[PDB]
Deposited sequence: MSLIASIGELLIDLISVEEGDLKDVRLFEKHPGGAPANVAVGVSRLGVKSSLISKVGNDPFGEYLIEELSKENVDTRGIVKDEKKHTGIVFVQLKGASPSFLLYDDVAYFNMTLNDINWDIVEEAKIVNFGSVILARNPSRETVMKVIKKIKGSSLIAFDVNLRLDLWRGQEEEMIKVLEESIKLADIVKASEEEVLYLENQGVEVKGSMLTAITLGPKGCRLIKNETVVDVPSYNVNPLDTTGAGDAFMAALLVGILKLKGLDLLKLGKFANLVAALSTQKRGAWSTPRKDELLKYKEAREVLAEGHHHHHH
């Protein structure tokens, strides 16, 4: 079982191109990296859990319904009576994609009282990302959960850096990213993030494995000093693939992992992860999923 903990939210995706100021039409989709990964993990045929918080509102109900349809365990999703479901307005189109994320929302309001401990304890891998850490009490709550399960579950961290979420608190940002990276067995980061954080004296590496995304150029898997370069919603598909691969591959065969993750990422091209039997025709997937 893989648990994901963090943001679960409505993506209001701009139908047309343009600055958010000018966008007239939005399409509602479930979103939030950990949710996307959790769905991806489930579509790859692994039992997946999501720990998050939604509002007691139609949007919270929607997100829970959408996750349930994907066979993601939703028992760890709590309803906030005081905060509304996370929303972000997304412009994915253009040279400069943008977002307007509403921060005073349910997923940023997680306390330790909100944590389903059965789920965290059942998890072989716990996945979290930096977005959830942007605000307290969820930052504190998540960090305490990760610290706790450290050594009992593999910890996966997607740097998923959104500087906008850290304005006026960039000192704290670096501290929490560093602490989170240090806690992580598996780190996913873009090379932009790697550069940015290392230029800040933060080494971007998992204790077990590091996945560096390279955009068009594909990605890189690093395990100690073994480096596998694999030329090429997809990022979260890729993460789901990595975590599923890590869980499935007895001795962490990096070549197989790489090939599997690339395939899932390729076929994905926010819930874009291919289903298990979309991958049965591929030797690369059977290598991971069936053996």
| item | value |
| --- | --- |
| Deposited-sequence segments unaccounted for in the coordinates | 1-2, 235-243, 281-284, 307-313 |
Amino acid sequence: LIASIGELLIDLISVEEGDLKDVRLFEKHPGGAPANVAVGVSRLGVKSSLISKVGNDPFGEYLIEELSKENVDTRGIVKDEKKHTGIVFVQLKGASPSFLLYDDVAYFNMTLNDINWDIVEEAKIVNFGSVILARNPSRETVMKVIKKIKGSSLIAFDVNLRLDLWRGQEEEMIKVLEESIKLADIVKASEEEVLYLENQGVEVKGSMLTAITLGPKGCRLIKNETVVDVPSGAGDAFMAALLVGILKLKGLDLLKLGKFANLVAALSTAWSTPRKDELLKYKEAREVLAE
From here on, numbers count along this sequence of modelled residues.
{"property": "Between the two ranges 234-242 and 248-256, the one averaging a larger CA B factor in the entry", "result": "248-256"}
{"property": "Greater mean Cα temperature factor according to the PDB record, 271-279 or 17-25", "result": "271-279"}
{"property": "Residue with maximal Cα B-factor (values as given in the PDB entry) among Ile186, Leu112, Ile149, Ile77", "result": "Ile149"}
{"property": "Options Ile181, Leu214, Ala106, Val145 - largest CA temperature factor per the record", "result": "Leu214"}
{"property": "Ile2 by Cα B-factor - lowest, middle or highest third of the modelled chain", "result": "middle"}
{"property": "Ranked C-alpha temperature factor of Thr85 among modelled chain residues, by third", "result": "lowest"}
{"property": "Lowest, middle or highest third - CA B-factor, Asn71", "result": "middle"}
{"property": "Relative C-alpha B-factor of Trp166, binned into the chain's lowest, middle or highest third", "result": "middle"}
{"property": "Assigned third (lowest, middle, highest) for the C-alpha B factor of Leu101", "result": "lowest"}
